[PDB]
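Just one chain is shown here, as structure tokens, and it is the form deposited in one PDB entry.
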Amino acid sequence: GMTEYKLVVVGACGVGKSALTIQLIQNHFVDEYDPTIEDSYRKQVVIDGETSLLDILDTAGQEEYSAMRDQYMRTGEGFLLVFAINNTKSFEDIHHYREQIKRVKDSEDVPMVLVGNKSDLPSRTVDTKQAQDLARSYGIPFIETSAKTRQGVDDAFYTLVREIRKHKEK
């Protein structure tokens, strides 16, 4: 059989949400993708031997209220919290995005994975250890990625699927 998963990618403008999504959907690095386009994308993959259909909302547009975004967030099963390892403000924004998720959710137990993207860049400003502290404080996994080299991309999405499976077993 197959399982479907409704996933959401959140984070500050410019962290690589679209690049990560496109690495998962199309298996290469798209370095110019309209920063304003918010859409959902479907890809069938195989995770731990089970056919898995991932529907992924790549958040974008503006900070102003979008009902369609809200309705997708309210029903999302798992969230990638993406920052860029060369952008301290994007890391400090993670708290805000997690609070926003918890607010549109009734459950206190929402599957999430913290994702530190752009791991290929030498100009690092956020230490892996600072991100591990924050993920531990939330009780979620931390995954390092590069949408440029594809390092960690399957790890981020498939770890979120494994967290959703654990949630569904409760």
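C-alpha atoms forming the largest set that superposes within 1.5 Å between two forms make up the rigid core. Numbering starts at 1 and follows the sequence shown. Residues that one form lacks are left out of the comparison.
This next part talks about the form deposited in another entry, which is not shown.
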*On a core-based superposition, does residue 105 travel 2 Å or more at its Cα between the shown form and the other one?*
no
*Any chance the CA of residue 121 moves 2 angstroms or more between the shown form and the other one, core superposed?*
no
*Quick one: core overlaid, is residue 53 moving 2 Å or more at the Cα between the shown form and the other one?*
no
_Having a change of 3 Å or more in the C-alpha distance between residue 68 and residue 42, I'd like to know whether it is closer or farther in the other form than in the form here._
farther
*Sense of CA distance change between residue 89 and residue 66 in the other form, threshold 3 Å*: closer
*asked:* Counting only residues modelled in both forms, where do runs of 3+ with a CA shift of at least 2 Å appear between the shown form and the other one, relative to the core?
replied: 30-34, 61-72
